[PDB]
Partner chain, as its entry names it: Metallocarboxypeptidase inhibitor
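Here you get one chain, nothing else, as structure tokens; it is the form solved without the partner chain.
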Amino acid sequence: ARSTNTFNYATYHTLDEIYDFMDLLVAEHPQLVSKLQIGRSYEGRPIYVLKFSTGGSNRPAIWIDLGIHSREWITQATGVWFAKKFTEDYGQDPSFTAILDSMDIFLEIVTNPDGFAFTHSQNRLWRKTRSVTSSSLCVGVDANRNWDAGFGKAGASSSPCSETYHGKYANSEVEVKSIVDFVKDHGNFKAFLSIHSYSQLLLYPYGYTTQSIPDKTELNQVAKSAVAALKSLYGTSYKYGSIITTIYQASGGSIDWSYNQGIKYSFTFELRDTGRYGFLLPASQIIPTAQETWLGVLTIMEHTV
């Protein structure tokens, strides 16, 4: 509300409240956090990224995006908690302090602004973007099937009306291109994490192909470690492995793209729960979900630094 200290982290918020939160956080920690606008959504909403840094010039960075699929509210809620957590733990937690003293963290809390607004306004279960085309009466593209990684291959739909529609061409969605351009221009990202829900899974590349990544042994052990850390708080059980062997073939995914860009530590988290509530996870589970997920994310960051 008036301070990030009075903000209710245990309830779901609207786009305006989350955007206001960002400005409060920056005003309160000007020497650590800054807000960058990397683009504008289809409906003209600004696309913001928070940069956490203690200095330096183009230091190795960690990318974290949440809410690419709008109905997965637990992700945007976790993103807000993460943002606050970073400012509270720097100088308090020895490990995190070491990370921030040497690396920058870029956090995109609402990757799909238009869809998020729609979930509050008209359809709580909407997941796609809100781009339109003359060729159809249907709206939107599945932003996590629009990346240039096996784009158009099996594991995505070419029908505009499909919930998994991949779009007319790779990076057609400005919400996706804005991230691609930013990351490529930066050129020094070491980790790329995309947060989703639900299923309680920690996945690594690839989803579009059966080919095994050359770094499978390392990413597999890192995932095993992150999962162990996450489970230590409330006993939440996660499974891990490559996308295609754990779920099914899925094309045009973001971590498949990031990994092909040379960003080794590319992982996707599917948060709580396992189906009891699914996308409609109770607000009472926000904080515990964020707390455990943080332990998992920090573990990955530690192996990156």
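Positions refer to the first chain, counted from 1.
Although not depicted, the form solved in complex with the partner chain is the subject of the following passage.
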{"property": "Single option in 178, 164, 131, 76 placed near the partner chain in the deposited bound form, where near means a heavy atom within 4.5 Å", "result": "164"}
{"property": "Contact flag, residue 239 vs the partner chain in the deposited bound form, heavy atom cut 4.5 Å", "result": "yes"}
{"property": "Proximity of residue 231 to the partner chain in the deposited bound form, heavy atoms at 4.5 Å", "result": "yes"}
{"property": "Proximity of residue 182 to the partner chain in the deposited bound form, heavy atoms at 4.5 Å", "result": "no"}
{"property": "4.5 Å heavy atom contact, residue 108 and the partner chain in the deposited bound form", "result": "no"}
{"property": "Candidate stretches 98-106, 170-178, 156-164, 185-193 - the one whose heavy atoms come within 4.5 Å of the partner chain in the deposited bound form", "result": "156-164"}
{"property": "Contacts with the partner chain in the deposited bound form - residues in 268-305 whose heavy atoms fall within 4.5 Å", "result": "270, 279"}
